[PDB]
Amino acid sequence: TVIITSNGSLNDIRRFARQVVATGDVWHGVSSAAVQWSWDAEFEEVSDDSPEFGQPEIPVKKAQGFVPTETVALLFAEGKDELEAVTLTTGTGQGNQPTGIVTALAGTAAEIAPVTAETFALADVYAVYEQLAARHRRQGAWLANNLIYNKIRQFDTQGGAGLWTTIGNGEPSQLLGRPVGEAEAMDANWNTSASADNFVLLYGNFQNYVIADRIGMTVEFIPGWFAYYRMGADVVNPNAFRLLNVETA
Amino acid sequence: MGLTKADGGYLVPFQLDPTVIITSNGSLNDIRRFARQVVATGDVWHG
Amino acid sequence: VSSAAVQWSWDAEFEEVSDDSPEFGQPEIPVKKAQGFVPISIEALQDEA
Amino acid sequence: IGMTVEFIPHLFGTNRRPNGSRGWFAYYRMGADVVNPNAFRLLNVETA
C-alpha cells in the first residue's frame, strides 16, 4: 500500500447543486419573467404585457491527465477529486475552465459589504440570511470554510443568543434551521491575505446552480496511462444568492 | 475533425430543457390568514 | 512507500497532455532492542517463597 | 485485399504524448496492365 502525502480538498457543492445530464456538448434552458398586471378603471384599454424570454447556456469542458495498477488508479482519482472541488468552488469561467459560484457571483448585486468595515460580527450572518427573497430563503443552504464556523462558535461568552453548541461537541448540522456545508477552497482570513476581496460566506437556493455532467472518469492503457473527464457548470439565476465580501484596503 | 460546425459540428443535436424558470422575485404575504373576509355581491359593501 | 496525487489540468481540444509524473518516497523505520537482567542466588531461590 | 478500415484508438502530439484524438485508417491494394497490345484498337484525334 501507499500513504498519501497530499492535503487534498473537500467540497459539498454536489450535495446541494442541481445535476443534469447533457447528451450534447452544450446544454440549453429557458428563462422568463412574470406578466405585469395593473389596476384599470371601467372602459379603459388594457396595457400590453408581452413577456420576455431568455436562454442560459452551459458549455462542457475537458480535463485530462497522463502518467508516462490500483495505485495509479487511486493517484488519478485523488487528483481528479481535488481539481473538481477547487474548480467548482472557484473557476475562472474563461478559457478552458468551468465557471465557479464565487467567480460568477462577484460583481452581481448579490455581493454585500459587512456592517463594520474589515470586521466579522454576528450581524453579518443575519444580514446575509435576511436580504434574500423569501421564496429562495425558505429553501437554501450555507457554505463556508471551517475557520468561519469556528469563529461563529467563538461569539457567545456568557450563554446568550449565540450558543450554537458547547465545547466537547461536534460540528452542529443546522445553522438557523438550514443545512450546513463546508469547502476548503474558500477564503477564511483578511489580515495575512494580500487580496482586496475576501468572499467568506454564501447562502442561497443551490438548485439554481446547474452542474451538467457528460462523461465520467475513464482510464485507458496505451501499450503509459491516460485518463480524462468532462463536466460543465454555471449559474442560472444570479439573484438567488447573497454573497459576503469583507473588503480590506 | 473538431466540434466546430464545418468540421462535423452540424451533426450534434440541439439540446433544450422545455421547462421554464422564473427569475422574478415574487412576493409573500400573510394578511389573508389573519384578516376577515366577506363575499361581495355587488359593487360596495356596507356596515 | 509514500507518494502524491496526479496534477490534473484543463486542456482544450487537440491539446497535448502535460508530463504528469508522481514521485514515490520511502519511510524508514528500524527496530531496536530493550532488555533487563536480574541475578539470584541458589540459597535465596530455595528459601524465599 | 479489398477496402479495409482500421481504427486507431490513440494519436500522439509533437512530443510523443497523447493529444485526445483517435484515428481511422483505410488501405487498398491493386495492380493492372496489358498483356497483348495488338488485340486492342484505340482511336486518337490529333487537333493542332
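The deposited coordinates derive from cryo-EM, with the record listing a resolution of 3.53 Å.

If you check the PDB entry, chain B appears there as Phage capsid-like C-terminal domain-containing protein from Mycolicibacterium phage Mycofy1. In the PDB, the entry goes by the title "Bottom cap of bacteriophage Mycofy1 mature head (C5 symmetry)".

In the annotation of the PDB entry, chain A is listed under the name Phage capsid-like C-terminal domain-containing protein and assigned to Mycolicibacterium phage Mycofy1.

1. A short note on the overall build of chain A
Of the regular secondary structure elements, chain A holds six helices and 14 strands. Reported as C-alpha extents along the three principal axes, the dimensions of chain A are approximately 85 × 55 × 35 Å. The buried share of chain A, taken over its 249 residues, is 42%. Here chain A contributes 15 positively and 29 negatively charged side chains, and the mean placements of these two sets differ by 7 Å.

2. Topic: the layout of surface pockets
Considered as a void within the structure, the largest pocket measures approximately 1200 Å³ in volume. Forming the walls of the largest pocket are 39 residues, and the residues nearest its centre are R230 of chain A, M1 and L3 of chain B, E13 of chain C together with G20 of chain D. Within the residue set of the lining of the largest pocket, elements represented by two or more residues are β7 (61–67), β12 (209–221) and β13 (225–235) of chain A together with β2 (23–27) of chain D.

3. Focus: empty space enclosed by the protein
Put simply, the largest cavity is a space of about 30 Å³. Taken together, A133, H136, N237 and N239 of chain A together with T23, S24 and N25 of chain B form the lining of the largest cavity. For the lining of the largest cavity, the class distribution of residues is one nonpolar, six polar and no charged.

4. As for the interface of chain C and chain A
At the junction of the two partners, chain C supplies 20 residues and chain A supplies 31 residues. Counting the surface lost from both chain C and chain A, the interface buries some 2100 Å², and carbon and sulfur atoms represent 66% of this. There are zero salt bridges connecting chain C and chain A. For the pair chain C and chain A, the number of links is twelve residue pairs in polar contact. Of all elements in the fold, only β1 (2–3) and β2 (9–10) of chain C reach the threshold of two or more residues within the side of chain C that touches chain A.

Conventions adopted
- Residues numbered from 1 in each chain as written, not as in the entry; some residues may be left out.
- Chains lettered and ligands numbered in written order.
- Part of a larger assembly, values for the part shown.
- Heavy atoms only, no water.
- Helix = DSSP H or I, 4+ residues; strand = E, 2+ residues; numbered from the N terminus.
- Buried < 20%, exposed > 50% of the residue type's maximum accessible area, 1.4 Å probe, protein only.
- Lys, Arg positive; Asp, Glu negative; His and termini not counted.
- Charge placed at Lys NZ, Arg CZ, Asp CG, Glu CD.
- 1 Å grid on protein atoms, 1.4 Å probe; cavity = no way out; pocket = protein on both sides within 12 Å on 5 of 7 lines; lining within 4 Å.
- Points joined across faces, edges and corners; volume = space filled by probe spheres on them.
- Nonpolar A, V, L, I, M, F, W, Y, C, P; charged D, E, K, R; others polar.
- Contact = heavy atoms within 4.5 Å.
- Buried area = accessible area lost by both parts, 1.4 Å probe.
- Salt bridge = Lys/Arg side-chain N within 4 Å of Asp/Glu carboxyl O.
- Polar contact = N/O pair within 3.5 Å; in protein donor to acceptor, adjacent residues only side chain to side chain.

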